[PDB]
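Now for the letters of each chain:
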Amino acid sequence: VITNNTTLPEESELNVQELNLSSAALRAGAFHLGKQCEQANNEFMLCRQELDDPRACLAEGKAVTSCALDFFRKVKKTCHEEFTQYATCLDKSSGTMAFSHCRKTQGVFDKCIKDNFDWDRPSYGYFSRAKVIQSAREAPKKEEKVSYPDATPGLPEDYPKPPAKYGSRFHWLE
Amino acid sequence: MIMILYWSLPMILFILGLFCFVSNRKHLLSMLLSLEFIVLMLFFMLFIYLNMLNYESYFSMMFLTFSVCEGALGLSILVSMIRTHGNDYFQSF
Amino acid sequence: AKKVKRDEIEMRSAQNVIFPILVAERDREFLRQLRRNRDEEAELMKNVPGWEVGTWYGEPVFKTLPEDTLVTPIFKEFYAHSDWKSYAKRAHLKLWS
Amino acid sequence: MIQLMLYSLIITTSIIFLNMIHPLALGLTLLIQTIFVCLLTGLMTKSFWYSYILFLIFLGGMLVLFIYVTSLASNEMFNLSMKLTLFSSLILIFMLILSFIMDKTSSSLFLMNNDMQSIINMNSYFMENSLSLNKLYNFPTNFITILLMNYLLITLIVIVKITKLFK
Amino acid sequence: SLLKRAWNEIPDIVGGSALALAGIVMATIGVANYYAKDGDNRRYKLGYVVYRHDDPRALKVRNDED
Amino acid sequence: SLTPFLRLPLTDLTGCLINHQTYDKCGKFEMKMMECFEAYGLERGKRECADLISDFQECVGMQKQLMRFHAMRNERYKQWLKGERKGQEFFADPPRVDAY
Amino acid sequence: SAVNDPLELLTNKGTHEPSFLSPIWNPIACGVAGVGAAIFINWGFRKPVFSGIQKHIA
Amino acid sequence: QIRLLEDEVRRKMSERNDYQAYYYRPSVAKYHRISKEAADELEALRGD
Amino acid sequence: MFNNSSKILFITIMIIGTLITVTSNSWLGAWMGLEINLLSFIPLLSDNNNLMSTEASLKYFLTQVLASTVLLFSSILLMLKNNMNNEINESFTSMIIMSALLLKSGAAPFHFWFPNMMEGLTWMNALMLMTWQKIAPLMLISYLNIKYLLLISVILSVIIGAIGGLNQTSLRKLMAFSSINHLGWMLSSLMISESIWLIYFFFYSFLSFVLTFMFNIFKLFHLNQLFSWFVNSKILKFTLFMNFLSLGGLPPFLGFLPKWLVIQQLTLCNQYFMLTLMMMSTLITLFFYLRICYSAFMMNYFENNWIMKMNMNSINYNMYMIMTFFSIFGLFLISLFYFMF
């Protein structure tokens, strides 16, 4: 559908660093990553939710990936062995990648995080709730109603109905 | 052409079904079986359309529930007919 | 059942955390690929009677949409210059090619 | 490839269908047709839910009537002809090699299987039948199901009215 | 009379029938209990739900624990 | 949708029978249309819904867009038949699977 | 006037006086029908057309 | 004279179908709006 | 409601099914209602008491089922290639939908099933097929707007519809041919307008309803039976039989009121040629009706000897000849009808 008159981004604009991480890699660091960077995501894919045109969300998307990148670099520096083991459980242990089979490693990895940043593992569903947030993009689309001035009119109930003219106005009045 | 590449196969089968429905058969069973094949093709056209549609898909059941009832009615009158004449053979017609 | 709901929700809560990162790395490739896809549509119909990229010989495919409205190409269009190996690699993943 | 091969198998069986005249041979032919059509609609669908459904109603239960009442048997068994089989094999193969030749994509449907939907689609990450079958039960489009069940009830009142001719 | 008559003739149906009446009553109890908490601002939402601040849904989001 | 003449209480079963609109990109186009049909009736509206019907049809129907592709790829094959495209150039690069 | 005005030509300016028959005609047509129908009833049943005037009044 | 006028008007009003009368065919978005409401009702409901 | 209690049930389901069609919003819903009609009607038509009923059943089912099959099929195509129920214009997508509907209601080129039916059907069963099984397909024909096909149907809707009626000696087949001719008038009338079509069908329903309802009463099944049917006076033999001329709608019989209405509006559309043809054939319709009325116009014929008394139901006879009296003096109610303006 796209045409040469349409506007698209620059190659350089798209060219930003991405995670390169595996499923087990992400799903291991999920929880302690979710609460560190949620504003990034929230306003990011909030504008995506309300407005679908991705051309504008590119900037905040770059922020989202950067923020996640920052967290894992901290993880890389501080708790490597703990996190890696937790990752190794979470995939080797099951083909469904469920947290309910190596919680012991999950606990010890939490200990290391408790020692380094002293952050707390969020609730069972801390991200399951709604996300009511502040407005940063500040672009509510306009709520509007269409107007067809020349729509087909009928007979209002106030239009006066003078009693009939010339009986039934038929052949012999009847 | 869209229909020639996509809705063509359903046509060719549907027309072949009808011709077999108006051919020559010792009894009417081949006819009922012929229209039954047509129902499957009828489902085929119906589903590809309902697949154009995000959730209107479910209408399959409505068509299927109705279609099987036609078949049941079809077998109903035939089987009562053998029982009446001792046969439902086209020579009786 | 409380235990079943407990872990399923945890999946869903872990689920929502991950998702935006996938979308973010998703948008870049979509726009990158669209750039290339328009380039080839331009570079392959160089000698065609009246070809107009993104339209059918003139008139736009969509008109009620305002200008600078991006309509995601249908899957086939997005793969208009691709081999089966590419096509199946995504299409037939439920079926496990 | 599976899709167009499945067209080919349906075409060949259809040619078989229009030739065969023995009622079992026809009824047998329907049986194969049903598996094929279930396969085919499944491919172009979001999932195989409807395919399993119409399989067990149409084929599983309802073709039992057709075979059973068409157990007339002709009083004698098949005289199978290896020739129509060989033509069936012959027509299948060069249709199959053409299927190997035909354009990989353009010869395919355009419908949107669960996989062929875009990643961003937040709706697609639900149970595959949840959102499809939603409004078969949620108002105000659910009463029609009530009409279906009563239709079937009435269908039984009809069958006992036709199938009860003095015996 | 009819009471023991059925309970002597069709015991499984009598037992089954008592089961059905039990279920519907507790089913109505289920619906009632469901709408005590309003049952629609459900705690956990499928997909990724987000609201701008002050949205009437946002004003309604449960602040409870689970 | 063709107008039931009588509009009795049993249009109330099948009128909302199956709806284009809900959870459909074309549904937005359906509303852009069906409001006008309400405004201009079904005969003047069918006269004056040129763009509305065109796009609504195009979205679900995909006729214009899809046929554009079919000619687009045929033309690729046609140059191959004339021999312009060789074993390498005959196809383009594969989109990253995680796209679309 | 000398002016073929569509609206004023159509307007209920009046000058339409009902007859003594103008409104009464329908009552003395339907009732006459029903009375005749009852006579028709008895005529075919081989009963006195006069008899059973309850049918005629109703 | 009035009868001739009525036919002429009836001719125009049928040709254009402007007015919501004999030569009109009312449409209905009600059912689409209703289905729109059902979609709204169940989107917010999703998820336990 | 002929013999059993189930007659009431299937009639009810039939009504609901057909009422769905006329109130159907989309082609699929209309198809749904049509099949429900197909169910509900077969058991009434297929009485288990005799034989002829059962053969009519296969032909009715084996025809209607194909009609519904094609109707839905052509619906999908139209409502694919147009992606909308109301196509912009009538193309090859749409003529098939009429051809389905025309067969379903038994129109001109697709009628042969319909005479063969009558042999099987009893009277009120026939009656019920005559009147009500033609509403839904016709009201749908209203939605379809292909001029020329309706026109060929109207052309041929009287030619065969009267030429055959000349030939039949079984009252069952005559009613078939009589209606096919009358069906010619409805089809033209619906091409013109719908409000007049609604009226004309209703008067046709009324007239056919009274007609066959007495034939049911006296069980007169063959022209010989009409000549032989005892009446005490051989005067009500003649008073009752005016309705056979109300079939032709000659002014003092109340069949004129609908035919006048259709003619007036049709010529207002200026299809004068079409009127001439239908109205030429109308005479042939009225021709064999006089062929029927040789039994009663003259009096005091040669009769059978054994009969001494003639008897019939109270309810049917009491209802019947009220409807007749209206068929006699109906016109003076010119005022009472106000739906023509």
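Residues numbered from 1 in each chain as written, not as in the entry; some residues may be left out. Chains lettered and ligands numbered in written order. Part of a larger assembly, values for the part shown. Heavy atoms only, no water.

This deposited entry lists cryo-EM as its structure determination method and 3.68 Å as its resolution.

Caption draft 1: Expanded view of the overall build of chain B. A tally of regular secondary structure across chain B gives three helices and zero strands. For chain B, the succession of helices and strands along the chain, N to C, is α-α-α. Taken over C-alpha atoms, the radius of gyration comes to 17 Å for chain B, far larger than the 12 Å a tight globule of 93 residues would show. Its C-alpha atoms give chain B principal-axis dimensions of roughly 50 × 25 × 10 Å. Here chain B holds 93 residues, and 70% of them are scored as buried. (Helix = DSSP H or I, 4+ residues; strand = E, 2+ residues; numbered from the N terminus. Rg over C-alpha atoms; globule rule 2.2 N^0.38 Å. Buried < 20%, exposed > 50% of the residue type's maximum accessible area, 1.4 Å probe, protein only.)

Caption draft 2: Structural context of the environment of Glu-35 of chain I. Mapped onto the elements, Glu-35 of chain I comes out in helix α2 (residues 27-45). Using a relative accessible area of 0% as the deciding quantity, one classes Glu-35 of chain I as buried. C-alpha separation for the pair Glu-35 of chain I and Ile-141 of chain I, spaced 106 residues apart in sequence, amounts to 17 Å. What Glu-35 of chain I contacts, discounting residues up to four positions off in sequence, is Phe-66, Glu-70 and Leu-73 of chain B together with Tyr-151 of chain D. (Contact = heavy atoms within 4.5 Å.)

Caption draft 3: View of helix α4 (residues 92-105) of chain I. Residue and element names in this part refer to chain I. Compared with the 20 Å implied by 1.5 Å per residue over 14 residues, the 21 Å span of α4 between its first and last C-alpha is a close match. Burial of α4 is extensive: 10 of the 14 residues sit out of reach of the surface. The complete set of buried residues in α4 reads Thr-93, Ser-94, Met-95, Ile-97, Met-98, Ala-100, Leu-101, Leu-102, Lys-104 and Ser-105. Close packing links the buried residues of α4 with α2, α3 (52-81), α5 (113-120), α7 (135-143), α8 (147-167) and α9 (171-192). One or two positions beyond α4, positive phi appears at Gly-106, with a value near 65°. (Expected span 1.5 Å × (residues − 1).)

Caption draft 4: Just the UniProt feature "transmembrane region" in chain B, in detail. Residues and elements named next belong to chain B. In the numbering used here, UniProt assigns the feature "transmembrane region" to residues 2-22, 28-48 and 62-82. A helix fraction of 95% and a strand fraction of 0% characterise residues 28-48, whose end C-alpha atoms lie 31 Å from each other. Across residues 62-82, helical content stands at 100% and strand content at 0%; the span's end C-alpha atoms are separated by 31 Å. (UniProt positions renumbered as here; feature names shortened; annotations may be inferred.)

Caption draft 5: Molecular detail of the interface of chain B and chain D. Between chain B and chain D, the residue contacts involve 42 residues of the former and 56 residues of the latter. For the chain B and chain D pair, buried surface summed over both sides reaches about 4900 Å², with 82% attributable to carbon and sulfur atoms. On the surface where chain B and chain D come into contact, there are zero salt bridges. For the side of chain B that touches chain D, the secondary structure elements donating two or more residues are α1 (2-21), α2 (29-52) and α3 (59-85) of chain B. Broken down by element, the side of chain B that touches chain D gets its largest block of residues, 16 residues, from α3 of chain B. Class assignment of the residues belonging to the side of chain B that touches chain D gives a composition of 28 nonpolar, 10 polar and four charged. (Buried area = accessible area lost by both parts, 1.4 Å probe. Salt bridge = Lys/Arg side-chain N within 4 Å of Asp/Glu carboxyl O. Nonpolar A, V, L, I, M, F, W, Y, C, P; charged D, E, K, R; others polar.)

Caption draft 6: Spatial organisation of the nonpolar core. Core analysis: the largest hydrophobic core is formed by 234 residues, its most contacted members being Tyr-58, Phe-59 and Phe-63 of chain B together with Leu-187, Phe-215, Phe-244 and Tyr-320 of chain I. The element best represented in this core is α2 of chain B, accounting for 19 residues. Counting 37 residues, the second largest nonpolar core, distinct from the first, contains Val-64, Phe-109, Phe-117 and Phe-127 of chain A. (Core = buried A, V, L, I, M, F, W, Y, C linked by side-chain atoms within 4.5 Å.)

Caption draft 7: A look at α9 of chain I. Helix length check: α9 of chain I (22 residues) gives 32 Å between terminal C-alpha atoms against 32 Å at 1.5 Å per residue, within 8%. Most of α9 of chain I sits out of view: 20 of its 22 residues are buried.

Caption draft 8: Looking closely at unusual backbone geometry. With omega at -10°, the peptide bond leading from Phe-139 of chain D into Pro-140 of chain D counts as cis. Relative to the assigned elements, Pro-140 of chain D resides in the loop between α4 (82-101) and α5 (143-162). Residue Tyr-100 of chain F is not a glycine yet carries a positive backbone phi of 30°. Relative to the helices and strands, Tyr-100 of chain F is located in the segment after α5 (63-82).

Caption draft 9: Broad picture of the side chain of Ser-30 of chain B. By secondary structure assignment, the location of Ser-30 of chain B is in helix α2. Dropping the residues within four chain positions of it, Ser-30 of chain B is found in contact with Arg-25 of chain B together with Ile-21 and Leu-26 of chain D.

Caption draft 10: Main features of the state of the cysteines. All names here are of chain A. Throughout the structure, instances matching the rule amount to two disulfides over all chains. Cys-79 shares a disulfide with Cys-112; S-S distance 2.0 Å. Looking along the S-S bond of the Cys-79-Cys-112 disulfide, the torsion reads about -100°, which is the left-handed sense. Remark: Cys-112 occurs in helix α7 (residues 103-116) and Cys-79 occurs in the loop between α5 (54-78) and α6 (81-92); sequence separation between them is 33 residues. We note that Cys-79, like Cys-112, is buried. Two residues share a disulfide in this structure: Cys-89 and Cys-102, whose sulfurs sit 2.0 Å from each other. Of this pair, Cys-89 sits in helix α6 while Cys-102 sits in the loop between α6 and α7, placing them 13 residues apart in sequence. For the pair formed by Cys-89 and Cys-102, the shared burial category is buried. (Disulfide = S-S within 2.5 Å.)

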